[PDB]
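*Asks:* Encoded as structure tokens, here's the structure I'll be asking about.
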Amino acid sequence: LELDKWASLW
Amino acid sequence: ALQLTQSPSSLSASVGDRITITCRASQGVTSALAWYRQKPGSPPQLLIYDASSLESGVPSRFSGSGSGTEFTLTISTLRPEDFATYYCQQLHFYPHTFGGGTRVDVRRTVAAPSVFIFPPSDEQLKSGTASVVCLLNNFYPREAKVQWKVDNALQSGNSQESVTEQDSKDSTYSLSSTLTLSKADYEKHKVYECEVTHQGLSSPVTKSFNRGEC
Amino acid sequence: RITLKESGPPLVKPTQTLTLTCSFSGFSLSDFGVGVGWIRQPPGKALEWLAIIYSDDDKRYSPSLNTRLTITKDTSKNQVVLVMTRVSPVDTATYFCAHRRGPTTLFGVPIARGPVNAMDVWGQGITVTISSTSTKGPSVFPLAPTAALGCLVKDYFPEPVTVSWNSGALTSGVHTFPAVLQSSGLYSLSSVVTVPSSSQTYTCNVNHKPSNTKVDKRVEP
């Protein structure tokens with residue numbers, strides 16, 4: 001699945 | 001896709017208790033979980049964001065926990081307004097999945113449903129349709145199952161149900177089931193039964209009538 | 001204080017296009033990372049995520065509804081629109097629009113993801129009903145055999161219908177059930193009352209204001 005806009009910020 | 005499962009699904013509790021609802025994911029969603037409280041006829045309210053962070057304004061009694069795949073909401077001291085449906089949302093992957101809900105009702109003593117079956121009025125049959133109504137009066141807990149049979153033949157796909165909201169005073173629920181047949185078909189049969197299964201009933205109670213005993 | 005309010009047609013027909021608007025105050029769609037999302041809820045069911053749009057015109061849709069949904073924004077008018085094409089009776093639901101926070105930004109650059117992980121503020125919601133159906137009045141039938149009796153308020157459109165007993169006199173033991181949408185696209189409801197098997201006349205006062213159909217049905221064994 002694709003991921004949240006912010007799935008990657010600390 | 002994802003799948004985000006809530007357990008209990010339903011729970012009974014009294015003012016003061018402490019309860020814990022569980023939201024579970026198939027994939028790891030890190031800390032991206034939210035908790036909502038939904039009062040009937042009102043939108044969801046934010047309680048917990050980022051799995052454990054309390055939202056500004058939300059009472060201390062609430063608490064969130066977990067990370068990755070296992071999440072829990074912990075209300076410590078149940079209050080009046082806390083009797084509602086609770087949802088959990090996953091915001092790590094698209095689509096932002098929601099949980100199926102966990103309804104929280106007022107707990108009371110088991111109440112067996114007083115069952116009543118109503119035949120279709122003779123002034124309805126005149127219009128070509130027959131609605132047979134079954135009433136499962138003031139009961140507890142919410143879970144009940146109505147089975148319609150016409151001359152021992154299981155009716156499936158031809159009935160519709162409705163449940164009242166937990167009574168303010170009784171703390172009970174009432175259900176009405178409507179079997180809909182055609183006048184032509186209604187008059188082709190004799191015994192109409194409403195078989196009611198519930199916990200307050202040791203065995204399935206059956207209320208019937210013969211369209212053929214007069 | 002952030003507030004959102006949904007607006008649009010309460011009644012749409014199948015194969016038609018549903019356009020909903022979300023008007024807000026308390027934030028701007030130009031604030032870093034803010035989002036306005038749509039969530040719907042079918043009558044007496046779960047919440048269902050529909051779509052989301054952000055400050056940067058970045059948009060996402062529910063993969064099931066991908067084909068029909070279109071989300072837009074007018075940063076100046078503080079509005080977000082959701083267009084659902086070719087609707088069917090399954091799309092009958094209450095549609096909410098909600099605000100999503102941007103990350104905790106220090107110097108305009110995000111330092112914390114934390115705050116984004118929830119839809120913090122929602123609107124009252126808008127009920128949208130889909131039917132090919134024309135407005136029409138209910139037929140009231142009696143439900144005669146403590147003792148139980150009632151009225152079957154059948155075949156009406158649209159909702160609602162108010163049901164009172166003995167012109168308001170009788171309220172104790174009364175159970176007016178939620179309406180059920182039948183296969184014919186028409187609603188059906190039943191109102192009942194439990195009484196001592198002794199007795200004293202029972203009349204259900206039915207009103208369906210959309211068709212202007214007022215009925216008083218007397219019930220007995």
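A note on labels: chains of the structure tokens are A, B, ... as shown, every chain counts residues from 1, and ligands are counted from 1 in their shown order.
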Might you pull out every residue within 8 Å of residue 4 in chain A, with only C-alpha atoms counted and same-chain residues fewer than 2 positions away left off, and present them as a PyMOL selection string?

*Replies:* (chain A and resi 2+6-8) or (chain B and resi 91-94)

*Asks:* Please dump the current selection as a PDB file, in the first residue's frame; keep N, CA and C atoms.

*Replies:*
ATOM      1  N   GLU A   2       0.369   2.347  -0.529  1.00  0.00           N
ATOM      2  CA  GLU A   2       1.098   3.632  -0.571  1.00  0.00           C
ATOM      3  C   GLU A   2       1.093   4.169   0.867  1.00  0.00           C
ATOM      4  N   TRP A   6       2.906  11.989   5.667  1.00  0.00           N
ATOM      5  CA  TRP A   6       3.839  12.178   6.766  1.00  0.00           C
ATOM      6  C   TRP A   6       4.375  10.915   7.425  1.00  0.00           C
ATOM      7  N   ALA A   7       4.117   9.763   6.808  1.00  0.00           N
ATOM      8  CA  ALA A   7       4.556   8.455   7.288  1.00  0.00           C
ATOM      9  C   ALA A   7       6.075   8.473   7.491  1.00  0.00           C
ATOM     10  N   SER A   8       6.730   9.434   6.856  1.00  0.00           N
ATOM     11  CA  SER A   8       8.126   9.526   6.950  1.00  0.00           C
ATOM     12  C   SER A   8       8.760  10.648   7.727  1.00  0.00           C
TER      13      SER A   8
ATOM     14  N   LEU B  91      -3.672   6.243  10.234  1.00  0.00           N
ATOM     15  CA  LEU B  91      -3.263   7.303   9.320  1.00  0.00           C
ATOM     16  C   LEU B  91      -1.861   7.135   8.761  1.00  0.00           C
ATOM     17  N   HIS B  92      -1.362   5.902   8.725  1.00  0.00           N
ATOM     18  CA  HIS B  92      -0.014   5.623   8.224  1.00  0.00           C
ATOM     19  C   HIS B  92       0.021   5.274   6.741  1.00  0.00           C
ATOM     20  N   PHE B  93      -0.981   4.528   6.298  1.00  0.00           N
ATOM     21  CA  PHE B  93      -1.094   4.121   4.909  1.00  0.00           C
ATOM     22  C   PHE B  93      -2.370   4.694   4.329  1.00  0.00           C
ATOM     23  N   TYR B  94      -2.371   4.870   3.013  1.00  0.00           N
ATOM     24  CA  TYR B  94      -3.558   5.328   2.298  1.00  0.00           C
ATOM     25  C   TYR B  94      -4.233   4.028   1.832  1.00  0.00           C
TER      26      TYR B  94
END

*Asks:* Could you name the residues that touch range 182-196 of chain B at 7 Å or less, counting only C-alpha atoms, but leaving out those on the same chain fewer than 2 positions away, as a list in words?

*Replies:*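 Once the nearby chain positions are removed, what remains is residues 117, 125, 128, 129, 130, 134, 145, 146, 147, 148, 149, 150, 151, 198, 204, 205, 206, 207, 208, 209, 210, 211 and 212 of chain B.
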
*Asks:* How would the residues just picked look written out with N, CA and C atoms as a compact mmCIF listing (two decimals), in the first residue's frame?

*Replies:*
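Dumped everything to result-v7.txt:
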# COMPACT_ATOMS: atom_id res chain seq x y z
N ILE B 117 -46.39 -11.24 18.30
CA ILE B 117 -46.48 -11.34 16.84
C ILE B 117 -47.80 -10.71 16.42
N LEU B 125 -54.14 -6.24 3.21
CA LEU B 125 -54.26 -7.37 2.29
C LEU B 125 -55.03 -6.95 1.04
N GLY B 128 -52.92 -5.79 -1.73
CA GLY B 128 -51.98 -6.75 -2.29
C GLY B 128 -50.72 -7.17 -1.53
N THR B 129 -50.45 -6.53 -0.40
CA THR B 129 -49.25 -6.85 0.39
C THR B 129 -49.58 -7.23 1.83
N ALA B 130 -48.74 -8.08 2.42
CA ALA B 130 -48.94 -8.53 3.80
C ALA B 130 -47.67 -8.38 4.61
N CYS B 134 -43.20 -8.68 14.16
CA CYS B 134 -42.82 -9.30 15.42
C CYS B 134 -42.13 -8.29 16.31
N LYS B 145 -31.81 -12.42 18.07
CA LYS B 145 -31.94 -13.00 16.74
C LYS B 145 -33.38 -13.45 16.52
N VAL B 146 -33.99 -12.93 15.45
CA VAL B 146 -35.35 -13.28 15.07
C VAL B 146 -35.29 -14.17 13.85
N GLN B 147 -36.07 -15.24 13.90
CA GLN B 147 -36.15 -16.17 12.79
C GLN B 147 -37.60 -16.28 12.38
N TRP B 148 -37.86 -16.06 11.09
CA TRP B 148 -39.20 -16.15 10.57
C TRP B 148 -39.37 -17.43 9.81
N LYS B 149 -40.44 -18.15 10.11
CA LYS B 149 -40.73 -19.36 9.36
C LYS B 149 -42.23 -19.38 9.07
N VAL B 150 -42.57 -19.84 7.87
CA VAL B 150 -43.95 -19.90 7.36
C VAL B 150 -44.21 -21.36 6.99
N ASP B 151 -44.90 -22.07 7.88
CA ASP B 151 -45.22 -23.52 7.76
C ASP B 151 -43.91 -24.30 7.80
N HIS B 198 -32.39 -15.38 22.44
CA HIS B 198 -31.75 -14.38 23.28
C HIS B 198 -31.16 -15.12 24.48
N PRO B 204 -35.07 -20.84 22.62
CA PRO B 204 -35.79 -20.00 21.65
C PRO B 204 -37.33 -19.98 21.75
N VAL B 205 -37.87 -18.85 22.20
CA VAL B 205 -39.32 -18.63 22.33
C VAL B 205 -39.92 -18.44 20.94
N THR B 206 -41.08 -19.05 20.72
CA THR B 206 -41.75 -18.95 19.43
C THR B 206 -43.19 -18.48 19.57
N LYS B 207 -43.50 -17.37 18.91
CA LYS B 207 -44.84 -16.80 18.88
C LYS B 207 -45.36 -16.98 17.47
N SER B 208 -46.53 -17.61 17.39
CA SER B 208 -47.15 -17.90 16.11
C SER B 208 -48.63 -17.66 16.09
N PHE B 209 -49.21 -17.85 14.90
CA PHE B 209 -50.64 -17.74 14.68
C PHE B 209 -50.99 -18.53 13.43
N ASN B 210 -52.22 -19.02 13.42
CA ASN B 210 -52.72 -19.73 12.27
C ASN B 210 -53.70 -18.83 11.58
N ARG B 211 -53.41 -18.61 10.31
CA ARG B 211 -54.24 -17.82 9.42
C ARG B 211 -55.46 -18.72 9.14
N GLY B 212 -55.31 -19.99 9.56
CA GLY B 212 -56.31 -21.04 9.40
C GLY B 212 -57.07 -21.57 10.61

*Asks:* Any idea which chain C residues end up within 10 Å of chain A if we count only C-alpha atoms, as a list in words please?

*Replies:* residues 33, 54, 58, 59, 60, 102, 103, 110, 111, 112, 113, 114, 116 and 117 of chain C

*Asks:* Determine which residues of chain B sit within 12 Å of chain A, taking into account only C-alpha atoms, and present them as a PDB file with C-alpha atoms, in the first residue's frame.

*Replies:*
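Writing the result to selection07.pdb gives the following:
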ATOM      1  CA  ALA B   1      -6.106  -3.862   1.908  1.00  0.00           C
ATOM      2  CA  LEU B   2      -5.079  -2.963   5.511  1.00  0.00           C
ATOM      3  CA  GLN B   3      -7.784  -4.259   7.957  1.00  0.00           C
ATOM      4  CA  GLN B  27       0.528  -4.166   9.075  1.00  0.00           C
ATOM      5  CA  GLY B  28       2.597  -1.979  11.376  1.00  0.00           C
ATOM      6  CA  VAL B  29       1.268   1.565  11.437  1.00  0.00           C
ATOM      7  CA  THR B  30       3.939   2.951  13.764  1.00  0.00           C
ATOM      8  CA  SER B  31       2.260   5.494  16.075  1.00  0.00           C
ATOM      9  CA  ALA B  32      -0.302   6.656  13.517  1.00  0.00           C
ATOM     10  CA  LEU B  33      -3.490   5.761  15.407  1.00  0.00           C
ATOM     11  CA  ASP B  50      -0.472   9.645  17.630  1.00  0.00           C
ATOM     12  CA  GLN B  90      -5.081   4.421  11.020  1.00  0.00           C
ATOM     13  CA  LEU B  91      -3.263   7.303   9.320  1.00  0.00           C
ATOM     14  CA  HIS B  92      -0.014   5.623   8.224  1.00  0.00           C
ATOM     15  CA  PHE B  93      -1.094   4.121   4.909  1.00  0.00           C
ATOM     16  CA  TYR B  94      -3.558   5.328   2.298  1.00  0.00           C
ATOM     17  CA  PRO B  95      -6.530   4.780   2.663  1.00  0.00           C
ATOM     18  CA  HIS B  96      -6.822   6.076   6.218  1.00  0.00           C
ATOM     19  CA  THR B  97      -8.646   2.994   7.590  1.00  0.00           C
TER      20      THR B  97
END

*Asks:* Find, counting only C-alpha atoms, the residue in B:100, B:57, B:8, B:16 that gets nearest to chain C.

*Replies:*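 The answer is B:100, which sits nearest to chain C.
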
*Asks:* Return as a Markdown table the residues of chain C lying at most 7 Å from chain B, together with the closest atom-to-atom pair for each and the distance in Å to one decimal, counting only C-alpha atoms, with rows in chain order and ascending residue number.

*Replies:*
| residue | atom | partner | partner_atom | distance |
| --- | --- | --- | --- | --- |
| C:46 | CA | B:100 | CA | 5.5 |
| C:47 | CA | B:98 | CA | 6.4 |
| C:48 | CA | B:98 | CA | 6.6 |
| C:49 | CA | B:96 | CA | 6.2 |
| C:62 | CA | B:95 | CA | 5.7 |
| C:114 | CA | B:50 | CA | 5.6 |
| C:115 | CA | B:50 | CA | 6.9 |
| C:117 | CA | B:50 | CA | 5.0 |
| C:118 | CA | B:34 | CA | 5.2 |
| C:120 | CA | B:46 | CA | 5.5 |
| C:122 | CA | B:43 | CA | 6.5 |
| C:123 | CA | B:43 | CA | 6.8 |
| C:124 | CA | B:43 | CA | 5.8 |
| C:125 | CA | B:43 | CA | 6.7 |
| C:141 | CA | B:121 | CA | 6.5 |
| C:142 | CA | B:121 | CA | 6.4 |
| C:143 | CA | B:118 | CA | 5.9 |
| C:144 | CA | B:118 | CA | 6.7 |
| C:145 | CA | B:118 | CA | 5.7 |
| C:177 | CA | B:164 | CA | 5.7 |
| C:178 | CA | B:162 | CA | 6.0 |

*Asks:* Would you export the selected residues with N, CA and C atoms as a short mmCIF file (atom, residue, chain, number, x, y, z; two decimals), in the first residue's frame, please?

*Replies:*
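File part-v1.cif, as written:
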data_model
loop_
_atom_site.label_atom_id
_atom_site.label_comp_id
_atom_site.auth_asym_id
_atom_site.auth_seq_id
_atom_site.Cartn_x
_atom_site.Cartn_y
_atom_site.Cartn_z
N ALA C 46 -20.48 1.99 10.26
CA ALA C 46 -19.15 2.53 10.53
C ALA C 46 -18.77 3.73 9.68
N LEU C 47 -17.69 4.37 10.11
CA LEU C 47 -17.13 5.51 9.42
C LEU C 47 -16.37 4.91 8.26
N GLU C 48 -16.36 5.64 7.15
CA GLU C 48 -15.68 5.18 5.95
C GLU C 48 -14.91 6.36 5.36
N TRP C 49 -13.59 6.20 5.27
CA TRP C 49 -12.71 7.24 4.74
C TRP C 49 -12.90 7.37 3.22
N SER C 62 -10.18 7.14 -1.76
CA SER C 62 -10.42 5.75 -1.35
C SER C 62 -10.29 4.95 -2.66
N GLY C 114 3.99 13.91 15.01
CA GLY C 114 2.95 13.71 16.01
C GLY C 114 1.52 14.20 15.77
N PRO C 115 1.27 15.53 15.75
CA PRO C 115 -0.03 16.19 15.55
C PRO C 115 -0.91 15.86 14.34
N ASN C 117 -1.42 12.84 13.10
CA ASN C 117 -2.03 11.54 13.29
C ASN C 117 -3.39 11.48 13.99
N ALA C 118 -4.35 12.19 13.37
CA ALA C 118 -5.76 12.31 13.74
C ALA C 118 -6.42 13.40 12.94
N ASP C 120 -8.54 16.07 13.78
CA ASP C 120 -8.91 16.76 15.01
C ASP C 120 -10.24 17.46 15.15
N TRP C 122 -14.16 18.06 13.21
CA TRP C 122 -15.15 17.63 12.20
C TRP C 122 -16.35 18.56 12.16
N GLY C 123 -17.10 18.49 11.06
CA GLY C 123 -18.31 19.29 10.92
C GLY C 123 -19.49 18.51 11.45
N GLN C 124 -20.67 19.14 11.54
CA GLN C 124 -21.88 18.48 12.03
C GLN C 124 -22.29 17.27 11.19
N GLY C 125 -21.99 17.34 9.90
CA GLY C 125 -22.32 16.29 8.97
C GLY C 125 -23.52 16.64 8.15
N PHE C 141 -51.55 1.29 9.07
CA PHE C 141 -52.24 0.03 9.33
C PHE C 141 -52.14 -0.26 10.81
N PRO C 142 -53.17 -0.91 11.40
CA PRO C 142 -53.08 -1.20 12.84
C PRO C 142 -52.32 -2.48 13.16
N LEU C 143 -51.79 -2.55 14.38
CA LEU C 143 -51.10 -3.73 14.86
C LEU C 143 -51.81 -4.09 16.15
N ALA C 144 -52.92 -4.79 16.00
CA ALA C 144 -53.73 -5.25 17.12
C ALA C 144 -53.43 -6.74 17.19
N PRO C 145 -53.46 -7.36 18.41
CA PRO C 145 -53.18 -8.80 18.57
C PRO C 145 -53.87 -9.73 17.54
N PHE C 177 -40.01 2.99 16.47
CA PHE C 177 -38.82 2.44 15.84
C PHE C 177 -38.21 3.24 14.70
N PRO C 178 -36.89 3.06 14.46
CA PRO C 178 -36.25 3.77 13.35
C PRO C 178 -36.82 3.20 12.05
#

*Asks:* I need the residues in range 2-212 of chain B that are alpha helix (DSSP H) according to DSSP; give them as JSON, numbers by chain.

*Replies:* {"B": [122, 123, 124, 125, 183, 184, 185, 186]}

*Asks:* List the spatial neighbours of residue 20 in chain C as a ChimeraX atom specification - criterion: any atom at most 8 Å away, only C-alpha atoms, same-chain residues fewer than 5 positions off excluded.

*Replies:* /C:6-9,81-83
